$ cat coords_9.txt   # compact mmCIF, C-alpha atoms
# COMPACT_ATOMS: atom_id res chain seq x y z
CA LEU I 1 0.00 0.00 0.00
CA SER I 2 1.26 3.47 -0.96
CA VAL I 3 0.07 7.04 -0.32
CA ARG I 4 1.20 9.94 -2.50
CA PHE I 5 0.52 13.68 -2.44
CA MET I 6 -0.99 14.84 -5.74
CA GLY I 7 -1.36 18.61 -5.24
CA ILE I 8 -3.66 21.37 -4.04
CA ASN I 9 -6.38 22.67 -6.32
CA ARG I 10 -7.64 26.25 -6.65
CA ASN I 11 -10.41 25.53 -4.10
CA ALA I 12 -7.70 25.03 -1.42
CA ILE I 13 -8.35 21.26 -1.41
CA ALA I 14 -5.40 18.86 -1.26
CA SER I 15 -5.53 15.46 -2.97
CA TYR I 16 -3.95 12.16 -1.89
CA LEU I 17 -3.62 9.00 -4.00
CA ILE I 18 -3.97 5.65 -2.22
CA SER I 19 -3.19 2.43 -4.11
CA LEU I 20 -3.01 -1.25 -3.12
CA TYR I 21 -1.62 -3.87 -5.52
CA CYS I 22 -2.42 -7.55 -5.02
CA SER I 23 -3.24 -10.86 -6.70
CA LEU I 24 -4.07 -14.50 -5.93
CA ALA I 25 -2.64 -17.78 -7.26
CA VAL I 26 -3.77 -21.39 -6.80
CA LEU I 27 -0.72 -23.58 -7.46
CA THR I 28 -2.62 -26.88 -7.84
CA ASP I 29 -6.26 -27.58 -8.63
CA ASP I 30 -6.85 -29.96 -5.71
CA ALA I 31 -5.99 -27.20 -3.20
CA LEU I 32 -9.47 -25.65 -3.60
CA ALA I 33 -13.00 -27.06 -3.47
CA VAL I 34 -16.46 -25.45 -3.46
CA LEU I 35 -19.90 -26.66 -2.35
CA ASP I 36 -22.85 -24.95 -4.08
CA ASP I 37 -26.62 -24.62 -3.64
CA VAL I 38 -26.43 -24.28 0.15
CA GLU I 39 -29.81 -23.32 1.65
CA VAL I 40 -29.78 -21.33 4.89
CA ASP I 41 -33.47 -20.61 5.57
CA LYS I 42 -34.82 -24.01 6.69
CA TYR I 43 -35.67 -24.77 10.35
CA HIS I 44 -36.74 -28.21 11.74
CA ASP I 45 -40.13 -28.62 13.49
CA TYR I 46 -39.44 -30.76 16.57
CA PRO I 47 -42.38 -32.46 18.40
CA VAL I 48 -42.95 -31.20 22.00
CA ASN I 49 -44.70 -32.77 25.03
CA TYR I 50 -44.65 -30.55 28.17
CA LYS I 51 -45.42 -31.53 31.81
CA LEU Y 1 0.75 32.56 8.28
CA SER Y 2 1.56 29.58 6.05
CA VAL Y 3 2.84 29.15 2.49
CA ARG Y 4 2.37 25.90 0.56
CA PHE Y 5 3.41 24.73 -2.90
CA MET Y 6 0.38 23.66 -4.94
CA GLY Y 7 1.93 22.47 -8.22
CA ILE Y 8 3.00 23.51 -11.70
CA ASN Y 9 0.42 23.77 -14.46
CA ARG Y 10 0.85 22.91 -18.14
CA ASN Y 11 1.74 26.55 -18.92
CA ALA Y 12 4.92 26.14 -16.80
CA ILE Y 13 3.43 28.33 -14.05
CA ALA Y 14 3.88 27.33 -10.41
CA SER Y 15 1.23 28.11 -7.79
CA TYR Y 16 1.66 28.99 -4.11
CA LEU Y 17 -1.08 29.12 -1.46
CA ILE Y 18 -0.80 31.80 1.24
CA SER Y 19 -3.20 31.74 4.20
CA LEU Y 20 -3.50 33.77 7.41
CA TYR Y 21 -5.92 32.74 10.19
CA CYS Y 22 -7.02 35.24 12.82
CA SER Y 23 -9.89 36.50 14.97
CA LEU Y 24 -10.75 39.16 17.56
CA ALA Y 25 -12.45 38.93 20.97
CA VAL Y 26 -13.69 41.63 23.36
CA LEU Y 27 -13.82 40.05 26.82
CA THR Y 28 -15.97 42.75 28.46
CA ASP Y 29 -18.28 45.35 26.95
CA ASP Y 30 -16.78 48.34 28.80
CA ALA Y 31 -13.38 47.71 27.18
CA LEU Y 32 -14.53 49.37 23.92
CA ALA Y 33 -16.25 52.67 23.11
CA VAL Y 34 -17.03 54.48 19.86
CA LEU Y 35 -17.79 58.13 19.01
CA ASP Y 36 -19.84 58.64 15.83
CA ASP Y 37 -20.79 61.49 13.48
CA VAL Y 38 -17.34 63.10 13.57
CA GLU Y 39 -17.03 65.90 11.00
CA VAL Y 40 -13.56 66.61 9.60
CA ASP Y 41 -14.15 69.34 6.99
CA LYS Y 42 -14.83 72.43 9.13
CA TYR Y 43 -12.26 75.25 9.54
CA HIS Y 44 -12.63 78.30 11.88
CA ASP Y 45 -12.55 81.86 10.44
CA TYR Y 46 -10.34 83.87 12.82
CA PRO Y 47 -10.47 87.72 12.71
CA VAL Y 48 -7.17 89.38 11.61
CA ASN Y 49 -5.74 92.90 12.14
CA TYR Y 50 -2.28 93.44 10.56
CA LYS Y 51 0.24 96.28 11.20

$ encode --input "coords_9.txt" --output "C-alpha cells"
Amino acid sequence: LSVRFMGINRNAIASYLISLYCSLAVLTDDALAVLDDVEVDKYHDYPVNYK
Amino acid sequence: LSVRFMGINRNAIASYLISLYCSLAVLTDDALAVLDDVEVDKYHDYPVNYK
C-alpha cells in the first residue's frame, strides 16, 4: 500500500492518492473445493410434550 | 501565516497558497467605546488685524 501527495487545487483542497496492488494464485487444482446450492433458511419442526 | 506549494500547471506556471488565520475577541463590553458622526471638513474663520 502506498500514499502519494498529488497537489492542491484552486479551491484550497489537497488530494492524496492511495493504491493497493495484489493478486491471488492457486498452485494446484486440488488445493481448492467449493460446495454450491447451500440453503440457509430451513428450520426443523421438533415435536414437543410438556409436563 | 503559512505558504504551501500547490503544483505547476501545463503553462509552466507554479502556484503557491498563502493563508492567514485570525480573529478578535472583546472580553468585556466596557473595554470598547465608539464616538460617531465626527465631522472633519470644518475650519474656523479667525479675525485678523495686521500692522

$ closest_atom_pairs --input "coords_9.txt" --of "chain Y" --to "chain I" --cutoff "9 Å" --atoms "all atoms listed in the file" --output "Markdown table"
| residue | atom | partner | partner_atom | distance |
| --- | --- | --- | --- | --- |
| Y:4 | CA | I:8 | CA | 8.8 |
| Y:5 | CA | I:8 | CA | 7.9 |
| Y:6 | CA | I:8 | CA | 4.7 |
| Y:7 | CA | I:7 | CA | 5.9 |
| Y:17 | CA | I:12 | CA | 7.8 |

$ atom_distance --input "coords_9.txt" --atom1 "CA of residue 37 (chain I)" --atom2 "CA of residue 23 (chain I)"
27.3 Å

$ atom_distance --input "coords_9.txt" --atom1 "CA of residue 2 (chain I)" --atom2 "CA of residue 24 (chain I)"
19.4 Å

$ atom_distance --input "coords_9.txt" --atom1 "CA of residue 3 (chain Y)" --atom2 "CA of residue 26 (chain Y)"
29.4 Å
